[PDB]
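Student: This is the structure alone, sequence omitted:
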């Protein structure tokens, strides 16, 4: 957003709407970049990363508990 | 960065609005130091937005992994 | 805290292309616009035009006549300086100091040595006498090499001897704002850091300098525009008489980074040797005892006052010392060693300088001996140690240290003096019923090792503890 303000001040010194238009372009690209973010909190993301890792690990754990035991005599 | 981008958007926009007339009435730096303060601020945000983007899309893969795993369990 | 008002004001002002339209209409229908741009120059990203505007911003503070010639070449136009970067002459040298400072982000010291040439051309002449004094400066500057060459011709010794106990000092070259300085003292307490080797790639700040430049005075002295040495002695230098010369209103000045608490006798020593008086006006002469303490308490300065209150303390690793310098002793004249602080030294011709320096070299070692007692180390209410040392003055650059005997309760009165640049004789007076403590060759050795006093007052105590 800083080069937009620099373009504004250089344009007004040498002699705006287009700079505001690309500022709105930055706003809509930030809106695209909203669905990655605080939808689920980043701290909560840190906690549920361990939840997903524990899910993977307990799924694997039940898999080798099913496979490992010799149910045959 | 959701409420953060809009806060960075509205602060930088009205401060850029502020700098228009103070240049016009001359023909200060206290309002200028907040500009660069929010400039290096908000440069963290789209980097953190893509940090959220890479993290969000990484989780898309991981839940696609465990969906097959659970289906393989299923 | 101005952001909350900035957030509040713009939110109300929200309730924006007319602002751009009003600004263009106000524009369509001096210093302060340059002021906001210069305050924006630190905010500008580096490029070819931006550093050009940065140097022009610098030249606004320096006051130089701003001329741009290209995107890479700029010419500095003023009264007595003309050089290009990527008067009465071209650029003397495109020195690597100028080139490397502009190549990197040393734009601040770009302004400093621009003003050093202003300091080199701050003469009040009509710009003809300016060069002449500068020529008399240069003739002096041409001479300044010769003594360094002469003493190198005299002996091929180390730079320390050229600094400590030789003619002139160390010929630090002048370069733009840099002037030719001369190096004269260091104690080995100062010299050893953390043991620094004495190679010629020496820092320009490691110690204290005798910087020489000219300064235009109301007083007029006959200074040689031509060199003063055309005939030279085999190991000495020989000075031809002045005149070419003309009555140039200046004198050659010797400058130091610090004021030297110098003796009264040193003042008449310098008044007699040059002929030009050291004092144009008389200050109130105070004793040298309180001059060295503030001289030797501020070299590692602190905002907190220490306030030793004439008792000094030495938090030493091996012993504990308490000091009484005894300003204003019952001397038979009734007066102690009075003195002043000096950094200006006047001399008309290059023959005056090397003898003045020996007097300074005689003078400075006395400051470092005396101020070795003077310390920031504050060890407090310690019943062990805290020996009663009473220093007492004896003569100019002389004193004695009478103190409680450790072995007996008698006195040892250690008569001490400075006799040369760093030469120090040592004398022992003692109680009449007393034993061997030291030889004064050992005392001279430790002084010629470090020339300090609490070390010696330890080492004497160490040598007394042995015997």
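Tutor: Arrived safely. Numbers count the residues shown, from 1 in each chain, chains lettered A, B, ... in the order given.
Student: can you list the residues of chain A near chain B?
Tutor: Chain A comes close to chain B at residues A:1-2, A:4-5, A:8-9, A:12, A:23, A:26-27, A:29-30, A:33-39, A:42, A:45, A:52, A:55-56, A:59, A:62-63, as judged by CB under 8 Å from any CB of the partner chain. Placement of C-beta: from N, CA and C, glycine included.
Student: Just give me the longest helix of the chain.
Tutor: With no chain named, the answer covers chain A. Selection of the longest helix in chain A by residue count, based on DSSP state H, yields helix A:42-68.
Student: wait, I meant chain C there
Tutor: Max-length helix for chain C by DSSP H is helix C:129-154.
Student: Same question for chain B.
Tutor: Scanning chain B for the helix with the most residues, using DSSP H, yields helix B:30-73.
Student: ok, the residue in the stretch 351-467 of chain C that chain A sits nearest to - how many residues close by?
Tutor: Minimum separation of the stretch 351-467 of chain C from chain A (CB to the nearest CB) falls at residue C:376, amounting to 48.5 Å. Other residues near residue C:376 come to 16 when the count uses other CB atoms under 10 Å in any protein chain shown.
Student: residue contacts, it?
Tutor: For residue C:376, the contacting residues are C:297, C:300, C:302, C:306, by CB atoms under 8 Å, 6 or more residues apart in numbering or on different chains.
Student: cool, and residue C:86?
Tutor: C:72, C:73, C:99, C:102.
Student: The strand or helix carrying residue C:23 packs against which elements?
Tutor: In this structure, residue C:23 sits in helix C:17-28 according to DSSP states H and E. On a contact count with 3 or more CB pairs under 8 Å, 6 or more residues apart in numbering or on different chains; DSSP states H and E, helix C:17-28 meets helix A:2-14, helix A:17-32, helix B:3-26.
Student: Which residue comes closest to the spatially most central residue of chain B once chain neighbours are left out?
Tutor: Centroid-nearest residue in chain B: residue B:45, 3.0 Å away (criterion: CA atoms, centre = their mean). Distances taken as CB to CB, 6 or more residues apart in numbering or on different chains put residue B:1 closest to residue B:45, at 4.5 Å, once the chain neighbours are dropped.
Student: quick one: which of the contacts of residue C:86 is most hemmed in?
Tutor: Going by other CB under 10 Å, residue C:102 tops the contacts of residue C:86 with 16 neighbours.
Student: do you know how far that one is from residue C:63?
Tutor: Residue C:102 sits at a distance of 19 Å from residue C:63 (criterion: CB to CB, to the nearest Å).
Student: and if you look at residue C:263?
Tutor: 42 Å.
Student: Which residues belonging to the longest helix of chain A are considered buried?
Tutor: Within helix A:42-68, the residues that qualify as buried are A:45, A:55, counting by 16 or more other CB atoms under 10 Å in any protein chain shown.
Student: Over to stretch B:28-39?
Tutor: B:32, B:34, B:35, B:38.
Student: right, and the second one touches residue C:3 too?
Tutor: Yes - the pair residue B:34 and residue C:3 qualifies as a contact (CB atoms under 8 Å) at a distance of 5.5 Å.
Student: overlap in contacts of those two?
Tutor: residue B:11.
Student: Indicate the residue of chain C located nearest to chain B.
Tutor: Relative to chain B, the nearest point of chain C is residue C:10 (2.7 Å; CB to the nearest CB).
Student: That residue falls within a helix, correct?
Tutor: Yes - using DSSP: H, G, I helix; E, B strand; the rest coil, the assignment for residue C:10 is a helix.
Student: quick one on the thing from earlier: the inter-axis angle of the helix holding residue C:23 versus helix A:17-32?
Tutor: Angle between the axes of helix C:17-28 and helix A:17-32 is 150 degrees (criterion: axes from the mean of the first three to the mean of the last three CA atoms, to 10 degrees).
Student: Please identify the buried residues of helix C:17-28?
Tutor: Applying 16+ other CB under 10 Å to helix C:17-28 flags C:20, C:23 as buried.
Student: cool, stretch A:2-19 as well?
Tutor: Buried positions in stretch A:2-19, judged by neighbour count with 16+ other CB under 10 Å: A:2, A:4, A:5, A:8, A:9, A:12, A:16, A:19.
Student: Residues of the stretch 1-150 of chain C that sit close to chain A?
Tutor: Going by CB under 8 Å from any CB, the residues of the stretch 1-150 of chain C near chain A are C:16, C:17, C:20, C:23, C:24, C:27.
Student: next one: chain B
Tutor: B:1-3, B:5, B:9, B:12-13, B:16, B:19-20, B:23, B:35-36, B:39, B:42, B:45-46, B:49-57, B:59, B:62-63, B:65-66, B:69-70, B:73.
Student: just the buried members of the residues you listed?
Tutor: So, by 16+ other CB under 10 Å, the buried ones in these are B:1-2, B:5, B:9, B:12-13, B:16, B:19-20, B:23, B:35, B:42, B:45-46, B:49, B:51-53, B:55-56, B:59, B:66.
Student: my hunch is that residue C:217 is in a strand, does that hold up?
Tutor: Yes - counting by three-state DSSP, residue C:217 is located in a strand.
Student: so residue A:59 touches residue B:69, yeah?
Tutor: Yes - under the criterion of CB under 8 Å, residue A:59 makes contact with residue B:69 at 5.7 Å.
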